[PDB]
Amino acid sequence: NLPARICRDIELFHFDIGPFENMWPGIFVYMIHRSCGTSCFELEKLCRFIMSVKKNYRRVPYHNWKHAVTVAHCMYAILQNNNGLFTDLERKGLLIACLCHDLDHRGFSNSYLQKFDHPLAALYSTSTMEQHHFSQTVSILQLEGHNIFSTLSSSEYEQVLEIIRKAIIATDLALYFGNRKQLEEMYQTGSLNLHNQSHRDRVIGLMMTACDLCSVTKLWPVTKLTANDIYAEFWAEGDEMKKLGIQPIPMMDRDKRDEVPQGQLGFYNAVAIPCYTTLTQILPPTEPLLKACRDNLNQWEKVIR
């Protein structure tokens, strides 16, 4: 059962899930129980599922099991602070989607898989890794005793899997730019309609981006340390690009590491700030994410000065 400090602090947008890996499954179950009810899933099935998901995350620097639970926590915080907006099915689906959204990640981008001519790029030409993450999700659900959705009707099963698929695919950051552009237009013209499924899907897409990127919404010590892990992957990919005979983009080139503060500035400006700004416009209770993002932006500016 959850420690008093965790029960309190888990409700903060900037909660960090800690270094104790064995505690993370219980943290996830607690979040499920609080958003979805303790009758939502059979506990044994749920526990079995979570442990098989863990097993299919790799020991990479950033796109790992810790990332999965962290993304799920951010989703929990959004859902908790936006009571009555999302359906029981959406809430279950979105939390499970976040837990599964990077399944079997190798620590390489879609672009690298394409340049490598990896068999996954042949199977899934666009959003390669994300299509794979969804495939892994389905495969796990299909294992004996793992169908946490077995109490749903056939129709609800299909429905939740579609919610999950859309949510996982939305974590392809390539898609964020177009999605955010559409949403911002809908906001400003007052045409955003949460009862319109296509609009609803976009909002959920943006939520998935917000959650995926949430390391930039933590307090500075957490954010600064996390940046070490993301670049560890990117620089390794840069090395691999060099080995293919291809000059990596500066973000992936360890030789350009002194330029990290300027690169961060670019990212906050082009992606992070616009993301949380748009999210806050649609879901005002999510403002703490934007506040923390702006604070981290200032810290990078301070590093530069």
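Position 1 is the first residue in the sequence shown; the rest follow in order.
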{"query": "Greater mean Cα temperature factor according to the PDB record, 67-75 or 116-124", "finding": "116-124"}
{"query": "Between 163-171 and 178-186 (mean CA B-factor, as deposited), the higher", "finding": "178-186"}
{"query": "From 98, 152, 206, 219, residue of greatest CA B-factor", "finding": "152"}
{"query": "CA B-factor placement of residue 13, once the chain's modelled residues are sorted into thirds", "finding": "middle"}
{"query": "Chain-relative CA temperature factor third for residue 110", "finding": "lowest"}
{"query": "Chain thirds of CA B-factor: placement of residue 36", "finding": "highest"}
{"query": "Among modelled residues of the same chain, the CA temperature factor third for residue 233", "finding": "lowest"}
{"query": "Chain-relative CA temperature factor third for residue 262", "finding": "lowest"}
